[PDB]
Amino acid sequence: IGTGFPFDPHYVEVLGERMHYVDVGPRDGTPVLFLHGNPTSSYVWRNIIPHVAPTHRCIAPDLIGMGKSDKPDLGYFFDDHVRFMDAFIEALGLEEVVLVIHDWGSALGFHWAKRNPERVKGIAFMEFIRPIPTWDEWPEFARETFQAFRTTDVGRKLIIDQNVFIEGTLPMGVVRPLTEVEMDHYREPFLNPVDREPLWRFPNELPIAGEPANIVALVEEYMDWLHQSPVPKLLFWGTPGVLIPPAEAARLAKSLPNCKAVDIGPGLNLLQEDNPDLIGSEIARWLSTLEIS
């Protein structure tokens, strides 16, 4: 499992800010958009992208306030991420796309897809945002932690003061140890405690037990759309998972139209850190099947 990030930086001005992106692969076809979540960057994709780069254009942006994207004094609400990602897409001039999405990236991806259905030729997803209608349905071992995260007081002491999301939650969304080189990559954007607002806001935006209602409403909408959509779907899942337990992958595999679903073996949240070659290989393959009518 490679620790290197051998991608030349690309930058584009988005709403008076600068966002970073990985851009590789053929220039000609349908492009593949990789959207990371919390608390990652395009780094999370580094070992998935080389599987796809040979046949497809690979576009992997750092979300505003993350990776090497600019860090303006925002609240980094979901709605800000939407604003910025909507704009990024239009800046690159993208028309049809395929979406490869994860964690908060999935909420972006689904949300954009709901709004632009005639431009999504496929979606691959994994460990994605769905409504967790009670805290019962959140992983036992992570309840106390995400409960404290969802406080201004101590949540911020943890995430912003202490950097627990990065030093603690992150390694704990991966089954294998992360090396020190890998940790340092995940740490780089958030060395300055100032810049960790995204990391605290995101958990406070998770649609758990009805709140925040704005997020719940919105996630409910994209999931309802997803159930009424033919668009080809590819669902990676792990055991036991975090945001998606095995049992729920099972249910969605069945419930979502035209959806293929691939078990990746041991996995928590950052599936891409536990089995890159498998997800990479399966995406690439599946991509080819989208051209078979």
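From 1 onward, residues are counted along the sequence shown.
Trainee: Which wins on mean Cα temperature factor, 107-115 or 135-143?
Mentor: For C-alpha atoms only, the mean B-factor is higher in 135-143.
Trainee: Quick one: say whether 197-205 or 210-218 has the higher mean Cα B-factor in the deposited entry.
Mentor: If you average the C-alpha B-factors of 197-205 and of 210-218, the larger mean comes out for 210-218.
Trainee: For the CA B factor values reported in this entry, which option in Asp161, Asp80, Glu188, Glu90 has the top one?
Mentor: Out of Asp161, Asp80, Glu188, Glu90, the record gives the largest C-alpha B-factor to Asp161.
Trainee: Would you mind finding, among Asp23, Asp274, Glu13, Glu282, the residue with the largest C-alpha temperature factor in the entry?
Mentor: It is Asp274.
Trainee: By the record's CA B-factor, is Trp237 among the lowest, middle or highest third of residues in the chain?
Mentor: Middle third of the chain for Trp237's C-alpha B-factor.
Trainee: Split the chain's modelled residues into thirds by Cα B-factor; is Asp224 in the lowest, middle or highest one?
Mentor: Highest third of the chain for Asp224's C-alpha B-factor.
Trainee: Taking the C-alpha B-factors as the PDB entry records them, is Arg57 in the lowest, middle or highest third of its chain?
Mentor: It belongs to the middle third of the chain when residues are ordered by C-alpha B-factor.
Trainee: Once the chain's modelled residues are ordered by C-alpha B factor and cut into thirds, is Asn258 in the lowest, middle or highest one?
Mentor: Highest third, going by the recorded CA B-factors of the chain.
Trainee: If you rank every modelled residue in this chain by C-alpha B factor, which third holds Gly173: lowest, middle or highest?
Mentor: Its C-alpha B-factor, which the entry lists for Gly173, ranks in the highest third among residues of this chain.
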